Every structure is written in C-alpha cells, then in structure tokens.
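What follows is a set of notes on a single structure, which appears directly below.
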Amino acid sequence: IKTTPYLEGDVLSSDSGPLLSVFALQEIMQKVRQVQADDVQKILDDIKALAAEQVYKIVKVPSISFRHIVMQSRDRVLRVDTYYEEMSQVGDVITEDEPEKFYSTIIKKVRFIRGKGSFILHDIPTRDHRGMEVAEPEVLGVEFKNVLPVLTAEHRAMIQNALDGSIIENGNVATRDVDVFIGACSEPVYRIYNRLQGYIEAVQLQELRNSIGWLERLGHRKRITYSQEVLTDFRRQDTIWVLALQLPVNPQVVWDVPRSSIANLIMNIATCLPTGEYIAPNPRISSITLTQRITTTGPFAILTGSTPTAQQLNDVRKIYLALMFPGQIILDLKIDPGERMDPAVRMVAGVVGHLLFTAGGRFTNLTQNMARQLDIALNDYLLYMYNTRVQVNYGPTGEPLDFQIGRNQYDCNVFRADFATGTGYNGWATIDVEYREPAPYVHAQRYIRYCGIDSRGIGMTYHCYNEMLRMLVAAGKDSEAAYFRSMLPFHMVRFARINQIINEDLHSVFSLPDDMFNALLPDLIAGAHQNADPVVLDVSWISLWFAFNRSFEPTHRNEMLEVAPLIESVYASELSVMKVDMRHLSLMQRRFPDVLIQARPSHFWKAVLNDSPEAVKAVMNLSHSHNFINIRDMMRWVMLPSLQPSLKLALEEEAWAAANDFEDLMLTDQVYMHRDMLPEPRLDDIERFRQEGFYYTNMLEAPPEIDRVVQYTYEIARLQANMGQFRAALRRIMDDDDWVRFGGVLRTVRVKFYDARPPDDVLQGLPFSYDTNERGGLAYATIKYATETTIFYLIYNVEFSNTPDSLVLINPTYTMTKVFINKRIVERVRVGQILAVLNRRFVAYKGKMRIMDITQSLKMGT
Amino acid sequence: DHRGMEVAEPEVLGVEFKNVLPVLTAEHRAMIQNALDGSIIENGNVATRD
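Residue numbers (PDB author numbering), protein chains in the order written: chain B, 12 to 49, 63 to 480, 489 to 894; chain A, 152 to 201.
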C-alpha cells in the first residue's frame with residue numbers, strides 16, 4: 012500500500028514524509044511555544073527511556089567503605105571512611121536568597137544517599153582454607169594494602185590469621201541455603217540495605233499472579249496486536265523475583281495532578297498513536313487525462329481536478345488527528361488579510377464540513393466561530409444559483425438558512441448551529457457513546473462510535497446524510513446529489529476505520545476520564561474552564577475538500593505499545609515519590625524553623641522537580657507553560673490521599689528516615705573564625721624530621737567556649753555591611769582574640785586531604801564575599817553570606833624533604849576559619865583494632881540462583 | 152524575597168530619599184530598614200484575573 016500522489020512544487024511525488032506521531036509532537040510544541048511567545065526524537069526516546077529504569081544494583085563485591093594512612097610508626101595509623109567524602113562532594117553552594125537552590129541541593133543529597141545505598145549481592149567469590157569456606161580479602165568492606173609493607177612481622181601475622189578467620193557461615197533463610205558472613209559498612213547505606221533485604225524476603229507471588237491476570241485481561245481486549253506470554257519457563261525453584269513495581273496502576277493518582285491535560289495528551293500521542301497512509305476513494309484517478317475529470321462547469325467541477333501540496337497535506341493530517349481526538353483537539357480557520365481565492369472553495373468547504381465534523385450531542389470538536397462561518401458559507405452556496413432560477417421564500421431575520429427553498433417548501437433552518445443537540449452536524453438525533461463491559465481501565469468505560477455504526489457495513493446510511501440528501505434534492509442540484517450518493521461508502525468505511533482506531537488502540541491510562549469528558553462541553557459553552565483545557569489548531573480552506581477526498585488507513589503500529597503499562601507504572605511511581613518528597617520537605621521545615629529557611633509550595637514543587645527524569649520534566653514544563661497554576665493547586669494536590677506503593681517509594685521513605693538527622697548529611701552551622709599561626713615543620717634535622725613528620729587539620733575537636741565569642745546572624749551582617757564598619761568590627765574582634773560564629777543558616781562543607789602545601793584560597797579563604805558597589809548607591813557594599821568552604825587535612829610527604837621548594841610557604845602567614853562537626857571523620861587508631869569496624873552482617877545468594885523480574889525482562893517482545 | 156514573603160524593590164515606591172542615608176545613625180537606619188521591608192505584596196483578583 013502506497014499513498015496517493017500529491018504534487019510537490021512542480022513534480023509529482025508519493026512519499027509519506029515524516030511519521031504522524033512526530034508531526035503531532037512538533038505541532039503541539041510549536042503551538043505551545045506560540046502561546047508563550049510574547063526536539064521530537066529526543067523527547068520521544070526520553071519517554072522511551074522510562075522503561076529501562078533500574079533501582080537495584082546487582083554487584084560482585086560490596087563497595088569499599090574505609091581506607092588508611094600511615095605515619096612513620098607501627099602502633100597507630102589513621103583511618104577514614106569514604107562515605108562522608110562522597111556525601112560532601114556531591115553538594116552545591118548555598119545562599120539564603122535562593123530557597124529553590126537550597127532545597128534542590130537537599131533533594132540531591134537524599135537522592136544520592138538512596139542511590140548509593142540501594143544494591144544487592146548475587147555472585148560473591150569464595151575460597152578454601154582447611155575445609156572451611158572463607159571470604160577473600162577483596163570482598164570485605166575495608167581495603168588496606170599500604171599498611172602491609174611497613175608493619176612488624178608479629179603484627180602482620182596476628183592480623184593475617186584474623187583476616188583468614190573470616191569464614192563463611194552457611195544458613196537456611198526462606199530461600200533455603202545462602203551465605204552469611206561479617207563485614208564493615210557505613211550506617212545509613214546499611215540501614216537502607218536492611219530495608220531492601222527485608223522487602224526482598226517478603227513474598228507476594230499472589231500479587232504476581234494478579235498482575236499477570238490483569239496483563240492477560242488487557243491483552244485479550246488488545247487481541248489485535250498484543251500477544252506475549254513466557255509463563256511456561258518461569259517456574260523453577262532456583263530463581264528469585266524482585267517486586268519493585270506494582271503493575272495494576274490506579275489512574276486517579278496520575279489524573280490528580282493539576283493542569284496535566286496537555287501532558288497526558290502528549291504522552292498518549294507518544295505511546296499509542298499509530299502510523300498510516302492516505303489514499304483516494306478510487307486510486308490512480310489522478311493519473312488519467314484531466315479532460316475526463318473536468319466534466320462540466322460548476323463549483324464542484326472547479327474544485328475537482330485540483331491537486332494538493334505540502335500545506336494541504338499537513339492540514340489534512342491535522343484534520344484527521346483532530347477527528348481521532350474529539351475531546352481535546354479543536355479547530356479554527358487560518359484567516360489572514362492577504363487572502364485571495366475563488367469563493368467556490370469556501371462554498372464546497374462549507375458544504376462538506378457539515379458532514380465531516382460533529383457538533384452538539386455528547387461531544388463537539390468545533391468552535392462556535394467555525395460553526396457560524398461554515399453556516400454562512402452554506403447560506404452563500406445554497407443561495408448561489410448559476411444554471412437555474414428557482415423561487416425562494418425568506419424569513420423574518422437575516423440569520424443564515426432562514427428561508428424556505430424548493431417547489432415544496434423545505435426548511436433549511438435546522439442546520440443553523442445549535443450546540444444543545446447539534447442539528448447541523450453528525451450528532452443530530454444519533455447516539456455516539458455507549459457502554460458494553462467493564463473495561464480493564466476503570467476510568468475509560470465509554471465506547472466512541474461515529475455515525476452510530478460498529479466495525480463488528490454495506491449500504492447503510494444515517495440521519496444527517498439523509499437530511500443532506502433532502503436539502504440537495506430540494507435544491508435540485510442533481511449533479512453533486514448523484515456525486516455524494518456514489519461517494520457515501522468511502523465515507524462510511526473511513527469513519528469505521530477511525531472508530532476502530534479510537535476504540536481499540538487508544539485504551540490507556542492517559543485517556544480523559546468519563547465525567548470530565550461529559551463536562552467538557554458545558555465548560556466550553558460557559559467559557560470558564562475550571563476543570564480541563566482543550567487545544568485549538570489552525571487549518572486552511574481546501575484542506576476540508578482534500579480531507580473528504582482522502583482517507584486514512586494504518587500501516588505500521590506504535591513501537592512503544594509493548595511496554596506502555598510498564599512506563600506508565602514507572603510514571604505513577606515517580607509522581608508518588610515527588611509528592612511524598614514535598615510532604616517530608618514541609619514536615620522538615622515545620623520541625624526545624626529556627627535554622628532552616630522558609631519557602632513556598634511553588635519553591636518546594638520546583639525543588640522536587642529539578643532532579644527528575646527528563647521526559648517527566650519536559651512534559652510538566654510544557655503543560656505548565658501552556659496553562660498556569662497558583663498556590664491553591666499545590667496546597668490541594670499535596671492533601672490528596674492516594675499513593676502508588678512501590679519499592680522506590682519505600683526506599684525514599686527510609687532514606688528520609690535516615691536523613692531526619694540533617695547534620696549527618698554534611699550540612700552544619702558550626703563554622704568559626706579565629707586567628708592562628710600556620711604550623712610548619714622545622715625541616716632542619718633531617719633524621720628527626722624523617723622519623724617523626726607532621727600533619728595538620730583545621731578541625732575543631734571540641735565546640736568553642738560559650739563566652740569570649742560573638743555571633744553574626746544574616747540580618748545583623750547585612751546591617752553592618754550597609755553601615756560600612758563590617759571590616760572594622762571584624763578586625764577589632766580579632767585583635768580582641770575572641771571567637772566569632774556565622775550561625776543562623778545551613779552551610780555546605782567540602783572536605784579535602786593534601787599531601788603538599790595547598791593553594792592560598794583553600795589555605796586562608798573567608799566564609800563570605802564582600803563587594804563594594806559603585807558610589808552613590810542605596811545599600812553600599814554588600815555581603816554574600818555563605819560561599820565555598822573546605823575542611824582540610826594536611827599530611828605532608830616526608831620524601832619531598834630533598835626538594836623543599838614545593839613545601840615551604842616562603843613567608844609565615846596566618847590561618848583562617850575552622851569548622852566543627854560531631855561525627856567521627858578521620859581518627860588515629862591503634863593498629864590492633866583496625867578490624868573493629870567488622871561489625872555488620874552480610875548475606876549473599878548462591879551463584880546458581882537466577883535473579884530476575886519478568887515484567888522488566890519481558891522487553892524483548894519476540 | 153525577604154523571610155519568605157514577596158516585597159517590592161525600594162525604587163517602585165515613589166519616594167526619593169537617597170541623599171539622607173549618610174546622616175542617619177545605626178538605630179535610625181535599622182528602623183527605616185525594618186519599616187521599608189515590611190511592605191509585602193498581596194494576591195488579588197480583578198475581573199477573574201490574578
């Protein structure tokens with residue numbers, strides 16, 4: 012099947028061009044850009073990438089959580105855990121002026137801790153020792169190699185046998201035999217690991233069966249193109265399922281998001297709309313000589329014989345798309361002051377639009393403006409008499425069709441537009457919506473049938497076409513009367529195909545709910561759209577005639593139809609995650625008023641949307657750019673009760689549970705400034721310096737004293753900066769040898785170790801920035817209160833004593849601000865209890881086990 | 152944004168006072184600042200518009 016030929020400039024062509032879904036996406040984005048104005065493949069595969077989302081990480085070896093530093097001695101060495109470093113390095117700079125940035129950084133913190141903590145062991149290695157199964161050194165949570173070459177032999181033996189004693193313990197958990205041993209791991213990721221393991225040991229095979237059964241339910245409704253089951257090979261005992269997602273989604277949650285009509289429509293286009301081809305009722309007739317086609321004179325004869333081009337083809341497919349989506353896509357005419365054309369095209373378009381479009385009844389896909397102007401076009405056509413002269417009898421008003429025509433007086437005033445019943449269009453006295461059986465989706469019960477027919489028809493007519501025949505035979509235009517009489521079956525089969533596409537392929541979670549579908553028309557009549565918003569597109573004049581002369585038939589199905597339940601379930605899970613994140617942000621703000629910074633629901637929504645999958649971000653952004661929201665919508669949408677339970681939400685909740693201690697997230701307010709001379713090695717006695725060495729840090733091991741210390745909150749800092757005595761006050765208070773505190777807000781802290789002398793900025797930076805704006809201003813010099821601040825440990829390299837050029841600071845200097853934390857970060861520990869961290873239970877599954885989820889593994893689709 | 156409320160910039164208000172800033176003391180500028188920053192912006196509806 013090939014498309015009917017259409018002219019391109021001067022040579023005929025028959026190429027289908029770009030895909031219909033791509034055309035829809037680009038037209039919708041162009042329209043919303045025009046609305047706000049005062063990508064298609066990347067958005068499509070960003071939607072597609074929602075399927076391959078992975079929450080859990082199967083891994084050979086658990087992550088290393090410790091490392092060691094040696095300082096010229098055997099009794100004690102430094103230990104540090106890498107979790108705090110990785111927690112600190114993923115932050116962002118904080119100032120009070122942007123709560124958006126502040127809370128987006130907080131959300132990044134909690135997302136990082138969840139993503140780091142979620143993992144699982146499957147195939148860990150084992151070794152042998154005298155018949156006892158022992159874990160190899162590299163599978164443990166502590167890595168040490170630098171300690172080995174330098175320690176004394178007795179210590180080496182005493183740690184080697186203790187390391188060798190880490191034997192495997194064989195136990196019987198509910199999946200029969202697994203492997204159990206001891207290890208070391210940082211606390212929060214261990215807590216979330218325990219939560220994940222507790223979810224794993226939970227059993228919901230009945231839930232799996234229910235999800236399967238709903239899958240065959242939707243499959244037998246979608247029997248036309250859905251056919252896949254691999255259930256036979258599933259039942260082997262040597263297997264493990266992860267139920268990270270619940271498949272029977274609830275559409276109420278996804279339809280609860282305010283002003284999501286545009287996003288739902290665009291996603292439905294992305295995931296369900298099929299690709300087809302356009303053909304004339306009688307193929308190849310554009311190739312015959314034109315003299316046979318142009319039979320005589322007249323408006324219909326003038327339009328017949330014309331050929332369309334790219335603009336008319338695009339408008340025709342626009343008309344078809346608007347006809348496939350009645351409840352959201354509406355049309356208007358493209359009028360501009362440069363118009364000039366023969367009136368016959370407008371006349372015939374006015375005639376055809378009555379048959380092609382439906383109005384009134386239960387749904388309407390036209391505007392009042394089109395209804396009225398199509399009506400005046402029909403009035404002009406029916407008055408237009410060229411080949412005959414017949415009697416007319418007019419009415420009291422100047423409204424269109426207010427007259428009587430024919431030898432018998434026939435009233436044409438019925439097809440004057442009236443949205444209450446839709447007399448002039450296909451909704452006149454004919455049913456369009458009905459109900460048959462409980463659908464798999466509990467919000468899309470309706471069946472949409474055009475002209476009252478069912479695909480499950490030769491020679492049948494309907495009321496509107498009958499009355500069009502009545503008017504045309506009253507007008508005595510027997511030429512186009514016989515033309516339309518012959519043209520009926522083409523229209524009937526095309527509308528049957530459109531009905532089949534609407535009711536079969538489009539049954540998805542993104543369909544508009546039935547109550548809002550019924551309420552669409554009263555809202556349009558009233559003009560105030562409290563509930564939902566349709567979108568209107570521009571279409572030309574002869575596009576109507578060419579649409580009537582063409583048809584649409586499908587050729588290639590939607591490639592994403594196989595994984596659409598999966599992607600929409602992931603979508604609902606993500607929405608629930610965002611909602612619960614907003615909830616806990618509000619709760620944390622209420623919990624900690626004195627030091628945190630208050631904000632708005634709009635800022636909270638922006639913070640939870642800032643880090644989010646790109647397709648979700650794009651569709652929400654375009655929907656909100658099309659239609660705006662207020663604080664009332666956010667406060668309402670938070671208070672709605674429904675949630676979509678998932679492993680993702682459980683991990684988020686437990687991450688928040690670990691993150692209730694907010695200072696554990698490398699955030700603090702305990703920064704201070706006190707002048708201190710920078711310690712340097714004497715570097716005179718080579719042997720003694722080689723034996724001892726030196727290290728340093730700006731750590732505060734203890735909190736500073738309650739007295740001999742001053743405070744600066746942000747308001748007082750601002751007032752003092754506007755005074756201009758800020759530097760003087762600071763210099764005086766440092767001459768006083770008093771401590772100073774910058775408390776009041778949260779500052780992000782970075783951490784760094786250095787084996788050489790660091791640059792001067794990290795050596796002696798300040799917690800703030802000071803800029804003197806131009807003289808004659810209102811506020812004078814200004815303070816940025818919080819900036820980059822780095823806690824640092826200096827550990828020299830004693831080998832560089834041969835070349836002191838890279839270690840000597842030339843001139844002695846003063847050191848700057850110190851930072852306090854309560855958590856133990858870097859600790860000098862005696863060599864004997866370096867294994868004292870070995871305090872966490874680890875369990876692993878056998879290699880022969882097959883760990884898999886059928887729902888995600890089903891993506892092959894063969 | 153100040154303390155979580157929307158406030159207009161000081162040039163929107165039709166008062167010109169830039170010349171007298173250096174002659175006020177600490178308390179006077181503190182109280183004039185407290186008075187000026189308290190002019191919050193309120194939501195309203197006119198002809199079903201925000």
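Ideal Cβ placement from N, Cα and C applies to all residues, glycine included.
Candidates the options: closest to residue i by CA position
i	options	result
residue 542 of chain B	B:273, B:116 and B:639	B:273
residue 606 of chain B	B:281, B:772, B:583 and B:358	B:281
residue 191 of chain A	A:175, A:158, A:152 and A:154	A:158
residue 672 of chain B	B:262, B:348, B:612 and B:22	B:612
residue 394 of chain B	B:856, B:716 and B:570	B:570
residue 316 of chain B	B:807, B:328 and B:30	B:328
residue 9 of chain B	B:260, B:259 and B:348	With chain B covering 12 to 894 only, the question about residue 9 of chain B has no answer from this structure.
residue 741 of chain B	B:565, B:774 and B:618	B:774
residue 355 of chain B	B:362, B:341 and B:368	B:341
residue 312 of chain B	B:728, B:203, B:16 and B:530	B:16
residue 588 of chain B	B:30, B:18 and B:25	B:30
residue 334 of chain B	B:617, B:351 and B:24	B:24
residue 730 of chain B	B:656, B:798 and B:852	B:852
For residue i, the residue or residues it bridges with in DSSP
i	result
residue 771 of chain B	B:741
residue 428 of chain B	B:417 and B:435
residue 356 of chain B	B:570
residue 615 of chain B	DSSP output for residue 615 of chain B lists no bridge partner at all.
residue 588 of chain B	B:299
residue 153 of chain B	B:156
C-beta contact flag for residue i and residue j at 8 Å
i	j	result
residue 449 of chain B	residue 475 of chain B	no
residue 722 of chain B	residue 206 of chain B	no
residue 1 of chain B	residue 302 of chain B	In the structure as shown, chain B begins at 12 and stops at 894. Residue 1 of chain B is therefore absent and cannot be evaluated.
residue 725 of chain B	residue 813 of chain B	no
residue 137 of chain B	residue 689 of chain B	no
residue 771 of chain B	residue 736 of chain B	yes
residue 212 of chain B	residue 145 of chain B	no
residue 860 of chain B	residue 98 of chain B	no
residue 399 of chain B	residue 441 of chain B	yes
residue 180 of chain A	residue 754 of chain B	yes
residue 148 of chain B	residue 876 of chain B	yes
residue 366 of chain B	residue 318 of chain B	no
residue 164 of chain B	residue 198 of chain B	no
residue 609 of chain B	residue 556 of chain B	no
residue 391 of chain B	residue 568 of chain B	yes
residue 833 of chain B	residue 718 of chain B	yes
residue 683 of chain B	residue 464 of chain B	no
Near the ligand ADP: residue i beta-carbon under 7 Å from a heavy atom
i	result
residue 830 of chain B	Absent from the structure shown: the ligand ADP. Ligands present: none.
Rounded separation between residue i and residue j - CA only
i	j	result
residue 487 of chain B	residue 548 of chain B	For residue 487 of chain B, no position is available: the coordinates of chain B end at 480 and pick up again at 489.
residue 324 of chain B	residue 532 of chain B	31 Å
residue 265 of chain B	residue 478 of chain B	43 Å
residue 809 of chain B	residue 819 of chain B	24 Å
residue 510 of chain B	residue 405 of chain B	15 Å
residue 176 of chain A	residue 784 of chain B	44 Å
residue 521 of chain B	residue 224 of chain B	60 Å
residue 370 of chain B	residue 579 of chain B	14 Å
residue 256 of chain B	residue 267 of chain B	19 Å
residue 698 of chain B	residue 116 of chain B	11 Å
residue 129 of chain B	residue 700 of chain B	14 Å
residue 46 of chain B	residue 40 of chain B	10 Å
residue 551 of chain B	residue 444 of chain B	13 Å
residue 413 of chain B	residue 507 of chain B	10 Å
residue 558 of chain B	residue 446 of chain B	17 Å
Inset, instruction - Decide if the segment 220-240 of chain B is in contact with the segment 271-288 of chain B; the criterion is three or more beta carbon pairs, one per stretch, under 8 Å apart. - result: yes
Legend entry - Given 8 Å, three or more beta-carbon pairs between the segment 135-143 of chain B and the segment 212-232 of chain B: yes
Inset, instruction - Determine, using beta-carbon pairs with one atom in the segment 833-844 of chain B and one in the segment 785-804 of chain B, whether at least three such pairs fall under 8 Å. - result: yes
Legend entry - the segment 508-525 of chain B touching the segment 566-575 of chain B, judged by at least three CB pairs closer than 8 Å: no
Inset, instruction - Kindly confirm or deny that the segment 182-190 of chain B and the segment 636-656 of chain B touch, where touching means at least three C-beta pairs closer than 8 Å. - result: no
Legend entry - the segment 290-298 of chain B / the segment 659-667 of chain B touching (three or more Cβ pairs under 8 Å): no
Inset, instruction - Indicate whether the contact test is met: 3 or more Cβ pairs, each with one atom in the segment 167-175 of chain B and one in the segment 87-97 of chain B, closer than 8 Å. - result: yes
Legend entry - the segment 100-113 of chain B / the segment 850-858 of chain B touching (three or more Cβ pairs under 8 Å): yes
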